[PDB]
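Student: got a sequence here, can you build the structure:
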Amino acid sequence: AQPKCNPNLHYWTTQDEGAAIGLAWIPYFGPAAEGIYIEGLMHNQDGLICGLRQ
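Tutor: Residues are numbered from 1 along each chain as shown. Here you go:
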């Protein structure tokens, strides 16, 4: 339910290195880290925007 096409086709960069070891599980800043490392994703992205039926 989102038209952008930037889900799992990029996530592997700061999510699998920042959203898998850093502080993504911690709801302290979330959208405040959006651009510095982990960010406030938590979804990791897996074909949810680029394809609603992926």
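
Student: going forward, measure contacts between C-alpha atoms and count neighbours the same way
Tutor: Will do.

Student: quick check: buried residues in stretch 29-43?
Tutor: 30, 37, 38, 39, 40, 41, 42 (16 or more other Cα atoms under 10 Å).

Student: which pair in these spans the largest distance?
Tutor: Distance extremes for the buried residues of stretch 29-43: the farthest pair is 37 and 42 at 12.5 Å, using Cα to Cα.

Student: what's the overlap in contacts for the two?
Tutor: Common contact partners of residue 37 and residue 42 (Cα atoms under 8 Å, 6 or more residues apart in numbering): none.

Student: re earlier: any chance of the buried residues of stretch 29-43 in TSV, plus distance to residue 5 and secondary structure?
Tutor: As requested, the buried residues of stretch 29-43 are arranged in TSV below (distance: Cα to Cα, whole Å; DSSP: H, G, I helix; E, B strand; the rest coil):
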residue	distance to residue 5	secondary structure
30	21	helix
37	20	coil
38	19	coil
39	18	coil
40	18	coil
41	15	coil
42	17	coil
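
Student: strands along this protein, start to end?
Tutor: All residues of the chain lie outside strands when identified by DSSP state E.

Student: just the helices in it please.
Tutor: Ranges of helices in the chain, per DSSP state H: none exist.

Student: still on that earlier bit, tell me the one of the buried residues of stretch 29-43 nearest residue 20?
Tutor: residue 38 (8.3 Å).

Student: quick one: the closest residue to the closest one other than its chain neighbours from residue 2, how far?
Tutor: Closest residue to residue 38 apart from its sequence neighbours, by Cα to Cα, 6 or more residues apart in numbering: residue 18 at 4.3 Å. Distance from residue 18 to residue 2, counting by Cα to Cα, to the nearest Å: 23 Å.

Student: these two - which one has more neighbours?
Tutor: Legend: neighbour count by other Cα atoms under 10 Å for residue 18 and residue 2, higher for residue 18 (17 against 11).
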